[PDB]
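Written out below as structure tokens is the structure these notes cover.
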Amino acid sequence: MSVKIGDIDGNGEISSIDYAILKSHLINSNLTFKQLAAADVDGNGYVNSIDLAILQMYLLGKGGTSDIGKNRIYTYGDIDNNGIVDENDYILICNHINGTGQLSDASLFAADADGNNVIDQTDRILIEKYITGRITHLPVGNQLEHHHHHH
Ligand SMILES: [Ca+2]
Ligand SMILES: [Ca+2]
Ligand SMILES: [Ca+2]
Ligand SMILES: [Ca+2]
């Protein structure tokens, strides 16, 4: 779903608690891919130590010019997030499965079509179905429905 950037604790509000959890993933810890998406504030897809710094800047009042407090609307099934669930996104899921290519933190949730926070082989097959129009919805959401231009 559209992930609130900055809210790492999952209370809904941007707070100091979020920073403490974000810090620990960058020091030594792994979170759910959903948290990873929320952790990527700058929108490069990677949870950088820069992300905690900008979150800290937002908290301190220096300036958190990233997606902090906004919702990351990623195109559901679109890992590169160009607005199209395309065949290269499909390639990326299979890259994780093969272990040949790494996807960035936020991209790990963007690729997670089923919403279990794991890039498994089922996501790969959900994208199979989504690209071929077999399923109009992914468990994580869909972008066939455009709101303006429903159909
Ligand atoms: Ca919070
Ligand atoms: Ca980032
Ligand atoms: Ca794409
Ligand atoms: Ca999955």
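Residue numbers start at 1 in each chain; chains themselves are named A, B, ... in the order of the structure tokens; ligands are numbered from 1 in the order shown.
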Next item on the list: With a distance cut-off of 10 Å and only C-alpha atoms, select the neighbouring residues of residue A:87, excluding the residue or stretch itself and same-chain residues fewer than 3 positions from it, and output the selection as a PyMOL selection string.
Entry: chain A and resi 78+84+90-92+127-128+131
Next item on the list: Using only C-alpha atoms and all ligand atoms, find each residue with an atom at most 6 Å away from ligand 3 and format the answer as a PyMOL selection string.
Entry: chain A and resi 78-82+84-86+89
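Compared by their closest atoms to residue A:143, and using only C-alpha atoms, the residues A:114, A:2, A:107, A:59 rank with A:2 nearest.
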Next item on the list: Apply DSSP to the structure's backbone, then extract all residues of stretch 19-147 of chain A labelled helix (DSSP H, G or I) and return them as a PyMOL selection string.
Entry: chain A and resi 19-28+33-39+49-60+87-98+105-110+121-131
Residues within 12 Å of residue A:141, only C-alpha atoms, excluding chain neighbours under 2 positions, as an mmCIF file with C-alpha atoms, in the first residue's frame:
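The resulting file, around.cif, is reproduced below:
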data_model
loop_
_atom_site.group_PDB
_atom_site.id
_atom_site.type_symbol
_atom_site.label_atom_id
_atom_site.label_comp_id
_atom_site.auth_asym_id
_atom_site.auth_seq_id
_atom_site.Cartn_x
_atom_site.Cartn_y
_atom_site.Cartn_z
ATOM 1 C CA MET A 1 0.000 0.000 0.000
ATOM 2 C CA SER A 2 1.214 3.601 -0.093
ATOM 3 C CA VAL A 3 3.756 3.658 2.688
ATOM 4 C CA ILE A 73 3.083 5.764 -3.691
ATOM 5 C CA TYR A 74 5.026 3.289 -5.546
ATOM 6 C CA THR A 75 3.587 1.586 -8.478
ATOM 7 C CA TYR A 76 2.533 -1.801 -7.062
ATOM 8 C CA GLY A 77 4.717 -4.457 -8.651
ATOM 9 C CA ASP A 78 7.001 -1.848 -10.098
ATOM 10 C CA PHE A 109 8.707 -3.969 -0.481
ATOM 11 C CA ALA A 110 7.809 -2.551 -3.948
ATOM 12 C CA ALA A 111 8.525 -5.984 -5.394
ATOM 13 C CA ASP A 112 6.560 -7.703 -2.679
ATOM 14 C CA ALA A 113 3.364 -8.301 -4.525
ATOM 15 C CA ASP A 114 1.785 -10.548 -1.932
ATOM 16 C CA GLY A 115 2.560 -8.322 1.029
ATOM 17 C CA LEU A 126 1.989 -12.682 -9.221
ATOM 18 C CA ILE A 127 3.838 -10.309 -11.495
ATOM 19 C CA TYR A 130 -0.329 -9.034 -13.460
ATOM 20 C CA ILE A 135 -4.968 -10.618 -12.111
ATOM 21 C CA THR A 136 -6.035 -7.031 -11.965
ATOM 22 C CA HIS A 137 -5.131 -6.776 -8.331
ATOM 23 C CA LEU A 138 -2.069 -7.649 -6.433
ATOM 24 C CA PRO A 139 -2.488 -8.371 -2.685
ATOM 25 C CA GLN A 143 -2.191 0.516 -10.530
ATOM 26 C CA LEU A 144 -4.591 -0.533 -13.262
ATOM 27 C CA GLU A 145 -7.143 1.554 -11.496
ATOM 28 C CA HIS A 146 -5.783 5.092 -11.997
#
Next item on the list: Check every protein, DNA and RNA residue against ligand 1, keep those with an atom at most 6 Å away (counting only C-alpha atoms and all ligand atoms), and present them as a VMD selection string.
Entry: chain A and resid 7 to 15 17 to 18
Notebook entry, point to check: Nearest to residue A:4 among A:101, A:45, A:69, A:133, with distances taken over only C-alpha atoms: which residue is it?
Noted result: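 Of all the options, A:69 lies closest to residue A:4.
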Item checked: Given only C-alpha atoms and all ligand atoms as the counted atoms, nearest of A:55, A:50, A:31, A:118 to ligand 2 -> A:50
